[PDB]
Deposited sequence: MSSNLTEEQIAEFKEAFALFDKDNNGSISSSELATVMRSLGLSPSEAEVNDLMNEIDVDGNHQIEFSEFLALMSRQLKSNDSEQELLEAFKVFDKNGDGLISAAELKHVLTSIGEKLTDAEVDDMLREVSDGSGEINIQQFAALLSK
């Protein structure tokens, strides 16, 4: 139950890591895929995932199951903290403040561009991330 941009990334990553294109991926590549999706699990969670996937004795993950795993893994993240680390990329001197003019440039120029109006309902990092969530 995520955004369309996230689902699209999930579908292409699944497709890319489906080497022989039979519609399922080996659990052996689950670690690399999750890494590419910016939500690599802990060495404990991945073991719990390998054991959780080994219950039925099928180590081929089809997209329905794959989406379920990514969904709860992504939800097993601190949204406030992830956003914090994001702003922390545009603070190079390390003082805890990012430029305002810079944030407006990147979010409308690169990535999944936001439109000027949507960024204008959106500087102090620790605080900004704190109150946006």
Counting from 1 along the deposited sequence, which stretches were left out of the model? 1 to 3, 126 to 135, 147
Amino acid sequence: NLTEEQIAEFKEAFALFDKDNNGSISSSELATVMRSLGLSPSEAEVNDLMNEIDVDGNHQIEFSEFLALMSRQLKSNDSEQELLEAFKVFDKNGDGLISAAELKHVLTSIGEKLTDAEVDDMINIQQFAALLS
From here on, numbers count along this sequence of modelled residues.
Between 54 to 62 and 29 to 37, point out the one with the higher average CA B-factor as the PDB entry records it. 54 to 62
Quick note on 123 to 131 and 2 to 10: per-entry mean CA temperature factor is higher in 123 to 131
Per the PDB entry, maximal CA B factor within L74, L107, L83, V46: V46
Of the three thirds of its chain by CA temperature factor, lowest, middle or highest, which one includes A68? middle
For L114, the third of its chain by CA B-factor is the middle
